[PDB]
$ cat model.pdb   # PDB, N, CA and C atoms
ATOM      1  N   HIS A   3     141.845 228.986 261.574
ATOM      2  CA  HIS A   3     143.284 228.655 261.791
ATOM      3  C   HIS A   3     143.636 227.303 261.236
ATOM      4  N   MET A   4     142.620 226.566 260.782
ATOM      5  CA  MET A   4     142.822 225.218 260.261
ATOM      6  C   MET A   4     142.263 225.095 258.873
ATOM      7  N   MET A   5     143.011 224.424 258.006
ATOM      8  CA  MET A   5     142.620 224.247 256.615
ATOM      9  C   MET A   5     141.690 223.077 256.481
ATOM     10  N   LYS A   6     140.512 223.314 255.902
ATOM     11  CA  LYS A   6     139.508 222.263 255.703
ATOM     12  C   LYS A   6     139.087 222.181 254.241
ATOM     13  N   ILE A   7     138.719 220.987 253.788
ATOM     14  CA  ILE A   7     138.222 220.825 252.414
ATOM     15  C   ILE A   7     136.915 221.600 252.290
ATOM     16  N   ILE A   8     136.782 222.381 251.219
ATOM     17  CA  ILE A   8     135.581 223.174 250.980
ATOM     18  C   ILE A   8     134.414 222.211 250.748
ATOM     19  N   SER A   9     133.245 222.523 251.309
ATOM     20  CA  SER A   9     132.100 221.608 251.249
ATOM     21  C   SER A   9     131.691 221.323 249.809
ATOM     22  N   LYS A  10     131.097 220.153 249.603
ATOM     23  CA  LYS A  10     130.621 219.731 248.286
ATOM     24  C   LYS A  10     129.653 220.753 247.678
ATOM     25  N   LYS A  11     128.760 221.282 248.510
ATOM     26  CA  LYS A  11     127.778 222.270 248.067
ATOM     27  C   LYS A  11     128.466 223.544 247.576
ATOM     28  N   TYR A  12     129.451 224.017 248.337
ATOM     29  CA  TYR A  12     130.234 225.191 247.945
ATOM     30  C   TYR A  12     131.020 224.938 246.658
ATOM     31  N   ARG A  13     131.672 223.779 246.555
ATOM     32  CA  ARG A  13     132.460 223.457 245.363
ATOM     33  C   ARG A  13     131.584 223.376 244.113
ATOM     34  N   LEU A  14     130.423 222.741 244.220
ATOM     35  CA  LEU A  14     129.500 222.640 243.079
ATOM     36  C   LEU A  14     129.069 224.023 242.584
ATOM     37  N   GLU A  15     128.703 224.897 243.520
ATOM     38  CA  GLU A  15     128.309 226.270 243.197
ATOM     39  C   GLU A  15     129.466 227.051 242.578
ATOM     40  N   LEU A  16     130.648 226.935 243.178
ATOM     41  CA  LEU A  16     131.836 227.644 242.709
ATOM     42  C   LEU A  16     132.229 227.171 241.310
ATOM     43  N   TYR A  17     132.277 225.853 241.108
ATOM     44  CA  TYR A  17     132.640 225.289 239.803
ATOM     45  C   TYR A  17     131.671 225.695 238.707
ATOM     46  N   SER A  18     130.373 225.704 239.002
ATOM     47  CA  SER A  18     129.382 226.044 237.981
ATOM     48  C   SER A  18     129.517 227.503 237.517
ATOM     49  N   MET A  19     129.729 228.408 238.465
ATOM     50  CA  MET A  19     129.893 229.827 238.162
ATOM     51  C   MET A  19     131.186 230.098 237.444
ATOM     52  N   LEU A  20     132.247 229.407 237.854
ATOM     53  CA  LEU A  20     133.557 229.529 237.205
ATOM     54  C   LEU A  20     133.521 229.071 235.751
ATOM     55  N   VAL A  21     132.876 227.943 235.474
ATOM     56  CA  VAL A  21     132.754 227.474 234.084
ATOM     57  C   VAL A  21     132.101 228.535 233.199
ATOM     58  N   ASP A  22     131.058 229.188 233.708
ATOM     59  CA  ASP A  22     130.339 230.206 232.942
ATOM     60  C   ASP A  22     131.244 231.395 232.602
ATOM     61  N   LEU A  23     131.981 231.861 233.602
ATOM     62  CA  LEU A  23     132.858 233.026 233.456
ATOM     63  C   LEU A  23     134.095 232.722 232.615
ATOM     64  N   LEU A  24     134.712 231.565 232.847
ATOM     65  CA  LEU A  24     135.905 231.169 232.098
ATOM     66  C   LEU A  24     135.624 231.039 230.595
ATOM     67  N   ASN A  25     134.512 230.422 230.211
ATOM     68  CA  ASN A  25     134.209 230.335 228.777
ATOM     69  C   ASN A  25     133.582 231.619 228.202
ATOM     70  N   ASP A  26     133.579 232.691 228.997
ATOM     71  CA  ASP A  26     133.439 234.059 228.478
ATOM     72  C   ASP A  26     134.819 234.733 228.412
ATOM     73  N   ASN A  27     135.881 233.926 228.485
ATOM     74  CA  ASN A  27     137.266 234.399 228.437
ATOM     75  C   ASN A  27     137.648 235.342 229.581
ATOM     76  N   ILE A  28     137.003 235.191 230.735
ATOM     77  CA  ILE A  28     137.405 235.927 231.928
ATOM     78  C   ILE A  28     138.510 235.124 232.620
ATOM     79  N   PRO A  29     139.642 235.773 232.966
ATOM     80  CA  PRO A  29     140.717 235.051 233.653
ATOM     81  C   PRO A  29     140.265 234.532 235.017
ATOM     82  N   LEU A  30     140.856 233.435 235.477
ATOM     83  CA  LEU A  30     140.388 232.739 236.680
ATOM     84  C   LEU A  30     140.362 233.633 237.913
ATOM     85  N   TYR A  31     141.428 234.389 238.153
ATOM     86  CA  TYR A  31     141.476 235.252 239.333
ATOM     87  C   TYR A  31     140.438 236.368 239.238
ATOM     88  N   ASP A  32     140.313 236.964 238.052
ATOM     89  CA  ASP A  32     139.279 237.970 237.782
ATOM     90  C   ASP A  32     137.870 237.391 237.975
ATOM     91  N   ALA A  33     137.686 236.131 237.597
ATOM     92  CA  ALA A  33     136.399 235.449 237.758
ATOM     93  C   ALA A  33     136.046 235.305 239.235
ATOM     94  N   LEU A  34     137.021 234.894 240.042
ATOM     95  CA  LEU A  34     136.832 234.806 241.489
ATOM     96  C   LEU A  34     136.428 236.149 242.091
ATOM     97  N   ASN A  35     137.114 237.229 241.699
ATOM     98  CA  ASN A  35     136.727 238.578 242.130
ATOM     99  C   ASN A  35     135.293 238.911 241.736
ATOM    100  N   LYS A  36     134.896 238.538 240.520
ATOM    101  CA  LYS A  36     133.550 238.858 240.042
ATOM    102  C   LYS A  36     132.501 238.145 240.879
ATOM    103  N   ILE A  37     132.730 236.861 241.129
ATOM    104  CA  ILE A  37     131.823 236.048 241.936
ATOM    105  C   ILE A  37     131.613 236.668 243.320
ATOM    106  N   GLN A  38     132.707 237.041 243.981
ATOM    107  CA  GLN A  38     132.629 237.711 245.290
ATOM    108  C   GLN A  38     131.852 239.008 245.248
ATOM    109  N   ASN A  39     132.308 239.923 244.401
ATOM    110  CA  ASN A  39     131.778 241.279 244.358
ATOM    111  C   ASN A  39     130.278 241.317 244.114
ATOM    112  N   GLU A  40     129.791 240.368 243.326
ATOM    113  CA  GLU A  40     128.383 240.301 242.981
ATOM    114  C   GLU A  40     127.612 239.387 243.929
ATOM    115  N   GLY A  41     128.340 238.639 244.757
ATOM    116  CA  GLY A  41     127.748 237.660 245.662
ATOM    117  C   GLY A  41     127.485 238.146 247.077
ATOM    118  N   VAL A  42     128.168 239.209 247.494
ATOM    119  CA  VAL A  42     127.950 239.795 248.822
ATOM    120  C   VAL A  42     126.861 240.882 248.733
ATOM    121  N   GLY A  43     125.793 240.827 249.539
ATOM    122  CA  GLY A  43     125.530 239.795 250.553
ATOM    123  C   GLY A  43     124.351 238.906 250.186
ATOM    124  N   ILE A  44     124.374 238.390 248.960
ATOM    125  CA  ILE A  44     123.430 237.367 248.519
ATOM    126  C   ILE A  44     123.877 236.018 249.058
ATOM    127  N   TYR A  45     125.160 235.711 248.865
ATOM    128  CA  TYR A  45     125.742 234.464 249.348
ATOM    129  C   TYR A  45     126.092 234.553 250.827
ATOM    130  N   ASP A  46     126.228 233.386 251.448
ATOM    131  CA  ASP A  46     126.575 233.291 252.859
ATOM    132  C   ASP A  46     127.977 233.841 253.094
ATOM    133  N   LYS A  47     128.203 234.355 254.300
ATOM    134  CA  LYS A  47     129.505 234.880 254.707
ATOM    135  C   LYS A  47     130.598 233.842 254.478
ATOM    136  N   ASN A  48     130.312 232.586 254.817
ATOM    137  CA  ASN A  48     131.292 231.504 254.666
ATOM    138  C   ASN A  48     131.614 231.159 253.215
ATOM    139  N   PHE A  49     130.655 231.341 252.310
ATOM    140  CA  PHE A  49     130.928 231.119 250.892
ATOM    141  C   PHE A  49     131.877 232.186 250.351
ATOM    142  N   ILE A  50     131.616 233.444 250.696
ATOM    143  CA  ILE A  50     132.513 234.540 250.327
ATOM    144  C   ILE A  50     133.919 234.311 250.908
ATOM    145  N   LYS A  51     133.981 233.851 252.160
ATOM    146  CA  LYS A  51     135.257 233.543 252.819
ATOM    147  C   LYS A  51     136.023 232.414 252.120
ATOM    148  N   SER A  52     135.302 231.447 251.551
ATOM    149  CA  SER A  52     135.927 230.349 250.817
ATOM    150  C   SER A  52     136.596 230.850 249.546
ATOM    151  N   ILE A  53     135.981 231.826 248.880
ATOM    152  CA  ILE A  53     136.592 232.430 247.696
ATOM    153  C   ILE A  53     137.812 233.255 248.095
ATOM    154  N   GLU A  54     137.718 233.990 249.205
ATOM    155  CA  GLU A  54     138.868 234.747 249.709
ATOM    156  C   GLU A  54     140.043 233.825 250.006
ATOM    157  N   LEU A  55     139.744 232.620 250.489
ATOM    158  CA  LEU A  55     140.767 231.629 250.830
ATOM    159  C   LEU A  55     141.467 231.152 249.567
ATOM    160  N   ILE A  56     140.691 230.877 248.529
ATOM    161  CA  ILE A  56     141.249 230.445 247.252
ATOM    162  C   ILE A  56     142.146 231.551 246.668
ATOM    163  N   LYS A  57     141.640 232.780 246.641
ATOM    164  CA  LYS A  57     142.436 233.939 246.218
ATOM    165  C   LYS A  57     143.731 234.108 247.015
ATOM    166  N   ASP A  58     143.652 234.005 248.337
ATOM    167  CA  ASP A  58     144.844 234.129 249.184
ATOM    168  C   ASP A  58     145.895 233.073 248.843
ATOM    169  N   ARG A  59     145.441 231.854 248.593
ATOM    170  CA  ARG A  59     146.354 230.756 248.274
ATOM    171  C   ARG A  59     146.962 230.867 246.889
ATOM    172  N   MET A  60     146.208 231.420 245.940
ATOM    173  CA  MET A  60     146.730 231.683 244.594
ATOM    174  C   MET A  60     147.815 232.725 244.658
ATOM    175  N   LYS A  61     147.643 233.724 245.522
ATOM    176  CA  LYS A  61     148.666 234.759 245.712
ATOM    177  C   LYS A  61     149.926 234.236 246.419
ATOM    178  N   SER A  62     149.774 233.254 247.311
ATOM    179  CA  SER A  62     150.898 232.747 248.098
ATOM    180  C   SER A  62     151.551 231.464 247.548
ATOM    181  N   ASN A  63     151.062 230.955 246.412
ATOM    182  CA  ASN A  63     151.595 229.746 245.782
ATOM    183  C   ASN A  63     151.962 229.979 244.312
ATOM    184  N   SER A  64     152.710 229.040 243.728
ATOM    185  CA  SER A  64     153.279 229.232 242.392
ATOM    186  C   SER A  64     152.558 228.415 241.321
ATOM    187  N   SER A  65     151.428 227.816 241.697
ATOM    188  CA  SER A  65     150.523 227.163 240.760
ATOM    189  C   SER A  65     149.110 227.044 241.355
ATOM    190  N   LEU A  66     148.123 226.873 240.483
ATOM    191  CA  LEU A  66     146.752 226.629 240.918
ATOM    192  C   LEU A  66     146.671 225.275 241.621
ATOM    193  N   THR A  67     147.427 224.298 241.136
ATOM    194  CA  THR A  67     147.441 222.969 241.761
ATOM    195  C   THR A  67     147.860 223.060 243.236
ATOM    196  N   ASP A  68     148.938 223.788 243.499
ATOM    197  CA  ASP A  68     149.403 223.997 244.873
ATOM    198  C   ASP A  68     148.388 224.809 245.685
ATOM    199  N   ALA A  69     147.855 225.885 245.102
ATOM    200  CA  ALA A  69     146.853 226.724 245.794
ATOM    201  C   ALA A  69     145.628 225.935 246.278
ATOM    202  N   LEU A  70     145.131 225.009 245.463
ATOM    203  CA  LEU A  70     143.921 224.237 245.807
ATOM    204  C   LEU A  70     144.176 222.990 246.670
ATOM    205  N   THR A  71     145.437 222.584 246.785
ATOM    206  CA  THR A  71     145.810 221.458 247.626
ATOM    207  C   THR A  71     145.401 221.747 249.065
ATOM    208  N   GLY A  72     144.584 220.870 249.644
ATOM    209  CA  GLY A  72     144.066 221.067 250.996
ATOM    210  C   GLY A  72     142.699 221.737 251.034
ATOM    211  N   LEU A  73     142.272 222.333 249.917
ATOM    212  CA  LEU A  73     140.959 223.001 249.825
ATOM    213  C   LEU A  73     139.907 222.171 249.060
ATOM    214  N   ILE A  74     140.354 221.359 248.100
ATOM    215  CA  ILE A  74     139.486 220.411 247.392
ATOM    216  C   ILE A  74     140.071 218.987 247.512
ATOM    217  N   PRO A  75     139.230 217.941 247.366
ATOM    218  CA  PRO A  75     139.749 216.575 247.521
ATOM    219  C   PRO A  75     140.940 216.285 246.606
ATOM    220  N   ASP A  76     141.851 215.428 247.055
ATOM    221  CA  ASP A  76     143.038 215.106 246.263
ATOM    222  C   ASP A  76     142.692 214.669 244.837
ATOM    223  N   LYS A  77     141.604 213.924 244.651
ATOM    224  CA  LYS A  77     141.237 213.470 243.303
ATOM    225  C   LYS A  77     140.874 214.639 242.377
ATOM    226  N   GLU A  78     140.298 215.691 242.944
ATOM    227  CA  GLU A  78     139.988 216.896 242.173
ATOM    228  C   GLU A  78     141.267 217.694 241.892
ATOM    229  N   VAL A  79     142.191 217.747 242.853
ATOM    230  CA  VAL A  79     143.482 218.424 242.636
ATOM    231  C   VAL A  79     144.231 217.796 241.456
ATOM    232  N   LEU A  80     144.193 216.465 241.380
ATOM    233  CA  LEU A  80     144.832 215.731 240.301
ATOM    234  C   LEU A  80     144.269 216.182 238.935
ATOM    235  N   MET A  81     142.949 216.315 238.837
ATOM    236  CA  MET A  81     142.341 216.767 237.571
ATOM    237  C   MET A  81     142.659 218.223 237.272
ATOM    238  N   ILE A  82     142.774 219.046 238.309
ATOM    239  CA  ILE A  82     143.212 220.442 238.152
ATOM    240  C   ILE A  82     144.639 220.488 237.607
ATOM    241  N   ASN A  83     145.516 219.607 238.094
ATOM    242  CA  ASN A  83     146.887 219.565 237.611
ATOM    243  C   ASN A  83     146.969 219.224 236.123
ATOM    244  N   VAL A  84     146.149 218.286 235.643
ATOM    245  CA  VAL A  84     146.197 217.963 234.208
ATOM    246  C   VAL A  84     145.642 219.139 233.392
ATOM    247  N   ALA A  85     144.550 219.741 233.865
ATOM    248  CA  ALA A  85     143.940 220.904 233.197
ATOM    249  C   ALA A  85     144.887 222.101 233.160
ATOM    250  N   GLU A  86     145.616 222.327 234.249
ATOM    251  CA  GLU A  86     146.574 223.442 234.320
ATOM    252  C   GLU A  86     147.676 223.273 233.287
ATOM    253  N   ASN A  87     148.172 222.048 233.169
ATOM    254  CA  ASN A  87     149.207 221.711 232.198
ATOM    255  C   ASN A  87     148.750 221.763 230.750
ATOM    256  N   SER A  88     147.530 221.308 230.487
ATOM    257  CA  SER A  88     147.004 221.276 229.130
ATOM    258  C   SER A  88     146.351 222.595 228.725
ATOM    259  N   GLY A  89     146.194 223.512 229.674
ATOM    260  CA  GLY A  89     145.554 224.786 229.409
ATOM    261  C   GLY A  89     144.100 224.592 229.035
ATOM    262  N   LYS A  90     143.394 223.795 229.832
ATOM    263  CA  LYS A  90     141.974 223.544 229.638
ATOM    264  C   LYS A  90     141.262 223.646 230.989
ATOM    265  N   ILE A  91     141.432 224.760 231.696
ATOM    266  CA  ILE A  91     140.909 224.865 233.061
ATOM    267  C   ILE A  91     139.384 224.713 233.098
ATOM    268  N   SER A  92     138.688 225.404 232.195
ATOM    269  CA  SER A  92     137.228 225.409 232.195
ATOM    270  C   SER A  92     136.637 224.013 231.992
ATOM    271  N   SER A  93     137.141 223.287 230.997
ATOM    272  CA  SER A  93     136.656 221.937 230.709
ATOM    273  C   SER A  93     137.045 220.945 231.806
ATOM    274  N   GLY A  94     138.192 221.166 232.447
ATOM    275  CA  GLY A  94     138.603 220.363 233.599
ATOM    276  C   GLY A  94     137.696 220.571 234.807
ATOM    277  N   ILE A  95     137.407 221.833 235.111
ATOM    278  CA  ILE A  95     136.445 222.170 236.158
ATOM    279  C   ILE A  95     135.055 221.625 235.819
ATOM    280  N   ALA A  96     134.653 221.703 234.548
ATOM    281  CA  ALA A  96     133.355 221.170 234.131
ATOM    282  C   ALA A  96     133.258 219.660 234.373
ATOM    283  N   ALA A  97     134.348 218.943 234.109
ATOM    284  CA  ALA A  97     134.391 217.491 234.302
ATOM    285  C   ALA A  97     134.369 217.119 235.791
ATOM    286  N   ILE A  98     135.060 217.896 236.622
ATOM    287  CA  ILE A  98     135.007 217.713 238.077
ATOM    288  C   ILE A  98     133.575 217.893 238.593
ATOM    289  N   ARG A  99     132.934 218.984 238.181
ATOM    290  CA  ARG A  99     131.535 219.249 238.536
ATOM    291  C   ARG A  99     130.621 218.102 238.118
ATOM    292  N   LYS A 100     130.789 217.616 236.893
ATOM    293  CA  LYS A 100     130.007 216.482 236.409
ATOM    294  C   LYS A 100     130.175 215.251 237.299
ATOM    295  N   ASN A 101     131.415 214.953 237.678
ATOM    296  CA  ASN A 101     131.713 213.815 238.554
ATOM    297  C   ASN A 101     130.980 213.883 239.885
ATOM    298  N   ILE A 102     130.971 215.066 240.487
ATOM    299  CA  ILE A 102     130.273 215.294 241.755
ATOM    300  C   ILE A 102     128.780 215.025 241.595
ATOM    301  N   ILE A 103     128.206 215.522 240.500
ATOM    302  CA  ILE A 103     126.772 215.375 240.232
ATOM    303  C   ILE A 103     126.409 213.927 239.897
ATOM    304  N   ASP A 104     127.216 213.297 239.047
ATOM    305  CA  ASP A 104     127.027 211.893 238.692
ATOM    306  C   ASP A 104     127.148 210.976 239.910
ATOM    307  N   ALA A 105     128.044 211.316 240.838
ATOM    308  CA  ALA A 105     128.179 210.580 242.101
ATOM    309  C   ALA A 105     126.837 210.442 242.817
ATOM    310  N   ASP A 106     125.954 211.422 242.617
ATOM    311  CA  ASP A 106     124.533 211.271 242.936
ATOM    312  C   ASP A 106     123.753 211.000 241.646
TER     313      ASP A 106
END

$ encode --input "model.pdb" --output "structure tokens"
Amino acid sequence: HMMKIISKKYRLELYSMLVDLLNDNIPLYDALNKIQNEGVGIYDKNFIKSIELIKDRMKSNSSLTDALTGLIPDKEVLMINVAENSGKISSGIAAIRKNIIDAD
């Protein structure tokens, strides 16, 4: 019932898989479906639920930036907004993933 930022571990896993699928020219929403369908029940119930949450928000909002607001840190939302505008989602997600990893 409460919106929480998706864990760093979940975001790293999600971003890495998304980069792979997006640069195979799979659309973002289709990529999310693929990750789920092939991930149950290899992945944890909560990881699958996190993808369902992203999908639900994409359906109920008018941009990816709005959909991810409240689900990823504000600094990552900002980079998603530039990527959405420039039409470089995959490379934007790749740079976010790099930042998380470099932070360690």

$ resolve_selection --input "model.pdb" --expression "the PyMOL selection byres (((chain A and resi 70 and name CA) around 9) and name CA)" --output "PyMOL selection string"
chain A and resi 56+59-60+65-69+71-75+79+82

$ atom_distance --input "model.pdb" --atom1 "CA of residue 51 (chain A)" --atom2 "atom N of residue 8 (chain A)"
11.4 Å

$ atom_distance --input "model.pdb" --atom1 "atom N of residue 95 (chain A)" --atom2 "atom C of residue 81 (chain A)"
6.7 Å

$ residues_around --input "model.pdb" --residues "residue 36 (chain A)" --least-positions-apart "2" --cutoff "12 Å" --atoms "only C-alpha atoms" --output "NGL selection string"
:A and (16 or 19-20 or 22-24 or 28-34 or 38-42 or 50 or 53-54 or 57)

$ closest_atom_pairs --input "model.pdb" --of "region 31-103 of chain A" --to "region 11-14 of chain A" --cutoff "9 Å" --atoms "only C-alpha atoms" --output "JSON lines"
{"residue": "A:49", "atom": "CA", "partner": "A:12", "partner_atom": "CA", "distance": 6.7}
{"residue": "A:52", "atom": "CA", "partner": "A:12", "partner_atom": "CA", "distance": 8.2}
{"residue": "A:74", "atom": "CA", "partner": "A:13", "partner_atom": "CA", "distance": 7.9}
{"residue": "A:98", "atom": "CA", "partner": "A:14", "partner_atom": "CA", "distance": 8.9}
{"residue": "A:99", "atom": "CA", "partner": "A:14", "partner_atom": "CA", "distance": 6.0}
{"residue": "A:102", "atom": "CA", "partner": "A:14", "partner_atom": "CA", "distance": 7.5}
{"residue": "A:103", "atom": "CA", "partner": "A:14", "partner_atom": "CA", "distance": 8.3}

$ atom_distance --input "model.pdb" --atom1 "CA of residue 93 (chain A)" --atom2 "CA of residue 26 (chain A)"
12.7 Å

$ select_by_dssp --input "model.pdb" --residues "chain A" --states "helix (DSSP H, G or I)" --output "ChimeraX atom specification"
/A:10-24,30-41,47-62,66-70,76-88,91-105

$ build_atoms --input "model.pdb" --residues "region 13-31 of chain A" --atoms "N, CA, C and O atoms" --output "mmCIF file, in the frame of the given file"
data_model
loop_
_atom_site.group_PDB
_atom_site.id
_atom_site.type_symbol
_atom_site.label_atom_id
_atom_site.label_comp_id
_atom_site.auth_asym_id
_atom_site.auth_seq_id
_atom_site.Cartn_x
_atom_site.Cartn_y
_atom_site.Cartn_z
ATOM 1 N N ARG A 13 131.672 223.779 246.555
ATOM 2 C CA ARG A 13 132.460 223.457 245.363
ATOM 3 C C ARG A 13 131.584 223.376 244.113
ATOM 4 O O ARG A 13 131.960 223.892 243.061
ATOM 5 N N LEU A 14 130.423 222.741 244.220
ATOM 6 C CA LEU A 14 129.500 222.640 243.079
ATOM 7 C C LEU A 14 129.069 224.023 242.584
ATOM 8 O O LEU A 14 129.060 224.281 241.380
ATOM 9 N N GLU A 15 128.703 224.897 243.520
ATOM 10 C CA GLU A 15 128.309 226.270 243.197
ATOM 11 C C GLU A 15 129.466 227.051 242.578
ATOM 12 O O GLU A 15 129.288 227.735 241.577
ATOM 13 N N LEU A 16 130.648 226.935 243.178
ATOM 14 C CA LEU A 16 131.836 227.644 242.709
ATOM 15 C C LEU A 16 132.229 227.171 241.310
ATOM 16 O O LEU A 16 132.473 227.990 240.424
ATOM 17 N N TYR A 17 132.277 225.853 241.108
ATOM 18 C CA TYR A 17 132.640 225.289 239.803
ATOM 19 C C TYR A 17 131.671 225.695 238.707
ATOM 20 O O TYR A 17 132.093 225.977 237.592
ATOM 21 N N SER A 18 130.373 225.704 239.002
ATOM 22 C CA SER A 18 129.382 226.044 237.981
ATOM 23 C C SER A 18 129.517 227.503 237.517
ATOM 24 O O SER A 18 129.441 227.788 236.323
ATOM 25 N N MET A 19 129.729 228.408 238.465
ATOM 26 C CA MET A 19 129.893 229.827 238.162
ATOM 27 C C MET A 19 131.186 230.098 237.444
ATOM 28 O O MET A 19 131.233 230.925 236.532
ATOM 29 N N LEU A 20 132.247 229.407 237.854
ATOM 30 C CA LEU A 20 133.557 229.529 237.205
ATOM 31 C C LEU A 20 133.521 229.071 235.751
ATOM 32 O O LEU A 20 134.060 229.747 234.888
ATOM 33 N N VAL A 21 132.876 227.943 235.474
ATOM 34 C CA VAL A 21 132.754 227.474 234.084
ATOM 35 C C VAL A 21 132.101 228.535 233.199
ATOM 36 O O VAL A 21 132.536 228.755 232.070
ATOM 37 N N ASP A 22 131.058 229.188 233.708
ATOM 38 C CA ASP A 22 130.339 230.206 232.942
ATOM 39 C C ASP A 22 131.244 231.395 232.602
ATOM 40 O O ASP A 22 131.274 231.865 231.466
ATOM 41 N N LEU A 23 131.981 231.861 233.602
ATOM 42 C CA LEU A 23 132.858 233.026 233.456
ATOM 43 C C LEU A 23 134.095 232.722 232.615
ATOM 44 O O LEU A 23 134.481 233.533 231.770
ATOM 45 N N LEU A 24 134.712 231.565 232.847
ATOM 46 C CA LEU A 24 135.905 231.169 232.098
ATOM 47 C C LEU A 24 135.624 231.039 230.595
ATOM 48 O O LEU A 24 136.419 231.491 229.771
ATOM 49 N N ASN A 25 134.512 230.422 230.211
ATOM 50 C CA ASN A 25 134.209 230.335 228.777
ATOM 51 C C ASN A 25 133.582 231.619 228.202
ATOM 52 O O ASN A 25 133.118 231.630 227.063
ATOM 53 N N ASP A 26 133.579 232.691 228.997
ATOM 54 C CA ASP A 26 133.439 234.059 228.478
ATOM 55 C C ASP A 26 134.819 234.733 228.412
ATOM 56 O O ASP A 26 134.912 235.963 228.301
ATOM 57 N N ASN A 27 135.881 233.926 228.485
ATOM 58 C CA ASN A 27 137.266 234.399 228.437
ATOM 59 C C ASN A 27 137.648 235.342 229.581
ATOM 60 O O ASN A 27 138.518 236.196 229.417
ATOM 61 N N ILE A 28 137.003 235.191 230.735
ATOM 62 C CA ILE A 28 137.405 235.927 231.928
ATOM 63 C C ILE A 28 138.510 235.124 232.620
ATOM 64 O O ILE A 28 138.353 233.919 232.821
ATOM 65 N N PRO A 29 139.642 235.773 232.966
ATOM 66 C CA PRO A 29 140.717 235.051 233.653
ATOM 67 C C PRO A 29 140.265 234.532 235.017
ATOM 68 O O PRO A 29 139.392 235.135 235.637
ATOM 69 N N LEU A 30 140.856 233.435 235.477
ATOM 70 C CA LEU A 30 140.388 232.739 236.680
ATOM 71 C C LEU A 30 140.362 233.633 237.913
ATOM 72 O O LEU A 30 139.384 233.632 238.640
ATOM 73 N N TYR A 31 141.428 234.389 238.153
ATOM 74 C CA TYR A 31 141.476 235.252 239.333
ATOM 75 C C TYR A 31 140.438 236.368 239.238
ATOM 76 O O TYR A 31 139.757 236.668 240.222
#
